[PDB]
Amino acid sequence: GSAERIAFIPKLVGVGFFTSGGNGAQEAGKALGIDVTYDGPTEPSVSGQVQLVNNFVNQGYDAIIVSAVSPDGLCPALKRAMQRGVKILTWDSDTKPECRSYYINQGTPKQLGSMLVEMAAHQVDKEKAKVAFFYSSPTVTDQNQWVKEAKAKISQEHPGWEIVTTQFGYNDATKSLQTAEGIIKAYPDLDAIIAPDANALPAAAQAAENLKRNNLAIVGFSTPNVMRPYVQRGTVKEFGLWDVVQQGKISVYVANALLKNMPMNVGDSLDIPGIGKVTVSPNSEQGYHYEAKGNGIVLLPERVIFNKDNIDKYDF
């Protein structure tokens, strides 16, 4: 019969992380004979994503995979989708667990929070330090889950560190650069910026270069292709991510499994070419209390620390 149709929705288009995730989703679609539509708003917003969800539902799509800008903002549209039998998955940034079926997740908040703090500590290497957090928004699901854990870890394991500020760049290159320059100017006693956002990290690096700020540890999460110039110049020594192309791929393979009615309750696994096995984990892995039939989290097998040694191995 007519080929299945899956939508893959980023927080916004035109950012390398999301372009690369979309590439993985679309290549998986080709391998599986599924038509995958990559579409998102030009900036992150609830209305941008909600219209797309509603459009794809109204147009008869079989599954929608979305990286949510908000835990709650998409819920009415996603609940309508699920009421109509459209498979709903999140990837990257979750909604509330009751607003989707599966979350294709790069890592637990404990894992990702730990990565951020470990990267910072490796470079700071002193007990008394001043650190700034810098990411997209105070409401986005993923980054706030990770930052809560990173801040807890700092308070426990680095008691001499002071978090002097937490500011936001809203996935906007212009606003992010201005915010980063503002942090560096306002806090001359600053030892690290921790920037778990694909736009905030290069903005912080660029701000440090613009202001000729030296010996500032700048760590966070972004893509190798975006970060490579900053790593080459030495402004960023280390940052983290994961294979976002593979994440997009996994999301489409999981959606395919749902469309084929394969067993995907907590504990079940799924074979994916070039990856091996992925498994459905409980929602409690993300800190949620919610369990239901046909609902859980699929964790990526690995995350990656990038530095000068390995950055040229990766093209995304």
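Numbering starts at 1 and runs along the sequence shown.
Higher average CA B factor: 121 to 129, of the stretches 157 to 165 and 121 to 129.
The deposited model assigns a higher average Cα B-factor to 207 to 215 than to the other stretch when 223 to 231 and 207 to 215 are compared.
If you compare the C-alpha temperature factors of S101, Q178, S136, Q145 in the entry, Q178 comes out highest.
For the set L116, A186, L241, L201, the PDB entry assigns the largest Cα B-factor to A186. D72 sits in the highest third of its chain by CA B factor, as recorded in the PDB entry. The deposited CA B-factor of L190 belongs to the highest third of values across its chain.
Ranked within its chain, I275 lands in the highest third, by CA B factor from the PDB record. Sort the chain's modelled residues by C-alpha temperature factor and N171 lands in the highest third, per the entry. Ranked by C-alpha B-factor against the other modelled residues of its chain, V50 falls in the lowest third.
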